[PDB]
Structure formats: structure tokens, C-alpha cells
């Protein structure tokens, strides 16, 4: 993700300004969806959110605009256990042997001959949490095993937190509602408001260890691999329980980085350190924020944001639509000198020509040099001492830079990496003179739409991640919801797109209408006031009831629903109905995943949208969403949240009762069925653990002791 909040001192109009550009999948449980929610007098906020959630995750209201980026804090800890030398099913805490908890789950699998079979798996849990095995790496042998405590497994405030965010009026109000509830799982928060404040917050759920305990409790080699690993045989290494924290064992708000400014704040998924170099954030816990080099996306943003010139909204827009490969600025000059110097080797002929013609961009009409440059960087990045100016912690904006072509070995190393990378390119039969837009596409039914942008690792702000599928590169994630908000006196003027369009269903009119506009990088008005909404020639209005539940739904262009209701139940009613019309098949599938029933419907020869095999994914979510977990989670929800969720499941089921396949391709499938509120709790918890134990779902299923059946 990228995010830039400009305050009154740097904005051309003297008011707040926010650029929101998260990078998320183009399919599955994390596919963003535009919506505008309104409960008159209490709630009116527009933006985008994740499937199944009756709140807005990134958006804006009349005086405020906020967004999220991934942070560098830890949201879980790996605990290395010391096993009882006489029983690998027992572990030691301060030298005392304790039994491992044993919990059985059962899964149903549909065989090839349609028959059903039951699979039972045992999950072992320590006082820290479930045991995980990364075979070969985090083994369960006779002296040690590994457990994983996910801090968000105990976060029941997650939906209450965003619903509170949706009611925030400005930056001060926003800062209060997040600090008080501490419900954000694993993202930063940046925001601007009409009065010209710019806010950055590393306010999330972070395990708490007092600073003096960290050098002793941390495992150095594993922390060196970026893993938050603690000693699990020492009671002094349990998470510290500060009574000022909203959840037992997490870091209280006052210790997490916050920066309020009137010039600007930015973040492109690095630590809080360089949110604004004029005001560095240092001296925090290493579980919270370290002073490490920033990625090229942040360097690009900071280079363009330097100085004191007033910024226009189109300047923020063009920082994305430019598709500038910022990493070439540090490598391409030296690389082209090498290229001309070696105008003899006929091998390097094609690559050097493409690199010389390359416009240093990732646009649709950018030359094939971008492909050559990409493969070169992958092999240049695995070479120590190749940077002429290596990283200097005192110049982290200008460093590293340049190729040290002066030394004899690196010169022939860089020439070797270029020669290797060039061979890989022509080994794929890519035509001569092919442009980037001819290669990177997004499949829409039977056709392909060219998608500009490139992978963020190369400093492309408009980060686009794709994989090779057949004769092209299929876009899999990246720039999703785009939001650029300013605050003229008339009202919030917002402008953006949903790159993959509102509906994942090919039958829908909103399956590729915004993807075509993204291909041409034509951002559109996001209508918020009733004047813009009601003056749309494409407006469609409809009221629905049952019971009770009622909602007033307006649809503007590209299928963006605007839901008006009297209470949370009716608000959820409209949300569930509108989202089902666009994405009923997506949610039906993801609910089957979060229920642990993929092998029941699709058999064991399949994968989930998370590229997890059907059987291990089922075992994990059966453990994660067992009924005791759902009951305990539900009983911890505020009444408003429970009414939102109840309304959603009703609005979803209301559409299924009327569905005739017009915008629903999975009509007739046995897994397309009415949903309950607990199904929505499963999707929520599935998203919660995505910053922690969810990333270890296969490792949890793999954990078995020596012996055992």
C-alpha cells in the first residue's frame, strides 16, 4: 500500500488531502468492494471494504478521509518450547514439565465416487498456543517444538473498531476512537481532514514485552530472519500485561507511534521511522518499529514530496498514473554505460537496445526494456558490494544508488547478470518490439485487458503483481481501490476507481467497466452528496423489507451502492443484498472455506483462493472456527455490530431467494445456500488471523509429535 496525507501547510487549497492506494488481491476473500453507508444523523461514510464486512474499511466522510497500509510491527510471537527429555508430548516452563493440550477436529471429504469419508486431526496446544511445524525448519523433535500465539485471536473489537472509525468526524476524533478501542489488527492508519491535519498511526494489536526483557527473551538467529521469536520455556517471556492496554498482553496505545503534522505524512509499508523525515519516529520497541532502510516506493514518494511547494490533487494522482520505475534511476545510468562499452558481444545486443529505448516506465506503451530491467534486478539483488553508494543510515533517501562498475569483479558480475537475464527473455519467445501492455493483462471472460503498473519491489508506486499464465502475465493483485479526497467548501470531492470493477461475476454489467477505465487510467468521481448521487443518469433506487429489516438502496454508475437505513440491522440488510447481487458466488465460496467444507464440496484435489490445499485448509478453519470460538466471539460483540451482521445475512439471503442467474453464474450449485451470522463471524476471524497464525495454517496442520498416529 501507499498513502499520503497532506496538511494545510503543503496543500494548494490550505485544506486536508489524502491519497489512498492499497495493494490487495484481485480475487477472493480480500477483494475490495465499493459502498456508501448512511444512517441519517449518526453515520454517512463512503469507501471500500472486504467481502463479508458490514463496515467501510477505507473511505471518507464529510470532513475526514482515512486509509490503511501494512505495518512492520509484530502481531504474533513464535515461542520455542523446551521439551521434557522423557516425553516429547510435555514441555518445560521454568524447568517444570507440563502436558500439551490435545484437541480433535473432524473433516468430511467427498471421494471420487461421490462417497463421504471422515478425517480426524489432533491439534496440540501449549499455554502460548497451537504448535506449528515448518518441516525441516521448525521441527518437532525430542528437545524442542514451536508454538504460535496470535494476538488477534483474542481481538474481539475488530468490527467495533471500524464501525467507530466510520463515525469519526475528523483527525482528532479518529485518533481518539482508535486509541481507545485498540481494535486494528495489522495495519497502519493515515488520514487527513478538512481543517488541514495530517495523521499517521502505527496503532494496532501488538504483543507487549517490556523493553528490558527483549534482549534476553528473543531468539537471535530467528529474529535475524525477521521472525518474532521468544523463549517459550521461561515464564518471564510471557507477554507483559499492562493494565492500560485495551487487551491483556498487548502494547498500550501510548507506546505506539503517532505523528500529527500540517505538511504531510506518508507510508509505503515501511516502519514509522521516515513518515516525515523532518520528524523522525525513533526509540520504540523492536516489536513495534525499527529504523531500517525504506523501500523504493517510499523513496520515490519522499523524493517527489520534498520541498515547500504547494501540492495539487493532480500531483498526487500523477504520482500513481506515471508508472515510473523508480529503481531504474539508481541502476539504469550505470547499466547503459556498461551497455555501450560492450558493443561487441552480440548476445547483449537486444537487451541493450531495449534498455536504451526504455522510457523507465511501466505504462501500456512502455518498451520491452522493462522486462529486461526486471530480470536483471532479480540477479543484481543477490550480489554483495554491487552498490557504488551502499546503504548509508544517514542518507536513507538517496541510498543505495549506482553500480560500482569501477571494481573489476562486480563489473564482470553485473555483465554476467545482464547476459543471463537477457537469455531468459528471448528463451520465452517474446516478439520483437512488444510493449508492456502486450504482456501484462487481466483476463475478463474470454478477453484480456491491458493493465499498467509494475511490481512495487522495483519502485513502481502503482504496484501490480502478476504471474505467467500461458502466453501472458495474469494480474493477481496490487492497486485495487483508489481514493483521492479533497475538501472544497461544497463538500468532499473524491476521485478514484476500483481497478477490477465491483463484480467478480462475468455476467454482471460491472465486471470490467472500471477495469477498462483503469487500463486507460481515467479516474472517476466518487459521488457522496445526494446532489451528485441523484443527478447520475445511471441512478437506480429500490427499497426492500421483511419482518424488522428495511433499506433504501441507490446505485450510481459502475454499480456502486448507496445504502440508507434507520438502524444497523436495516443498514446491514442493504449491504448484504447489494453485495450479493454483485458477488454472491465469491462469498458463497469463501464461506465454504472459512467453514472448513472445501473437501466436502470439491474433494481433496483442489485449493482455496489462498492457494491452500483443500484438506489442510479445512482442518485449519475447523480448528479456527470451532463452535466454542464462534460463541465466545459472538458474545463479545456490541449490540450494534450484532445487528449489522444479522442484517447482512438477511440481505444476502433475500437476494438468493430472488436470484435467477442474471448476475449469478454459480446458480444451481449445492454450495450456494442461505448463510447465517456465524458464517460472517468465520470470514471475520479468517481475516483477523491473516497477519499471524493464518500465515502458518499449513504449519499448524503439520504439527505432530515423535510417534503418534
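Numbering follows the first chain given and starts at 1.
A.B. asks: Could you settle it for me: does 353-361 or 599-607 have the higher average Cα B factor in the PDB entry?
C.D. replies: Taking the mean C-alpha B-factor of 353-361 and of 599-607, the larger value falls to 353-361.
A.B. asks: According to the deposited model, is the average Cα temperature factor higher in 100-108 or in 493-501?
C.D. replies: Result of the comparison: 100-108.
A.B. asks: Please work out which residue in 567, 590, 329, 71 has the highest C-alpha B-factor recorded for this crystal structure.
C.D. replies: Out of 567, 590, 329, 71, the record gives the largest C-alpha B-factor to 329.
A.B. asks: Choose from 297, 510, 304, 562 the residue with the greatest Cα B-factor as stated in the PDB record.
C.D. replies: Highest CA B-factor of the listed options: 304.
A.B. asks: Would you mind ranking residue 80 by its C-alpha B-factor against the rest of the chain and naming the third, lowest, middle or highest?
C.D. replies: CA B-factor rank for residue 80: lowest third.
A.B. asks: Sorting by Cα B-factor within the chain, modelled residues only, which third would residue 160 end up in: lowest, middle or highest?
C.D. replies: It falls in the bottom third of the chain.
A.B. asks: Ranking every modelled residue in this chain by its Cα temperature factor as given in the entry, which third contains residue 169?
C.D. replies: According to the entry, residue 169 has a C-alpha B-factor in the chain's middle third.
A.B. asks: Per the entry's values, where does residue 1 land by CA temperature factor relative to the rest of its chain, in the lowest, middle or highest third?
C.D. replies: Answer is lowest: the recorded C-alpha B-factor places it there.
A.B. asks: According to the PDB entry, is the CA B factor of residue 391 in the bottom, middle or top third of its chain, that is, lowest, middle or highest?
C.D. replies: Its C-alpha B-factor belongs to the highest third of this chain's values.
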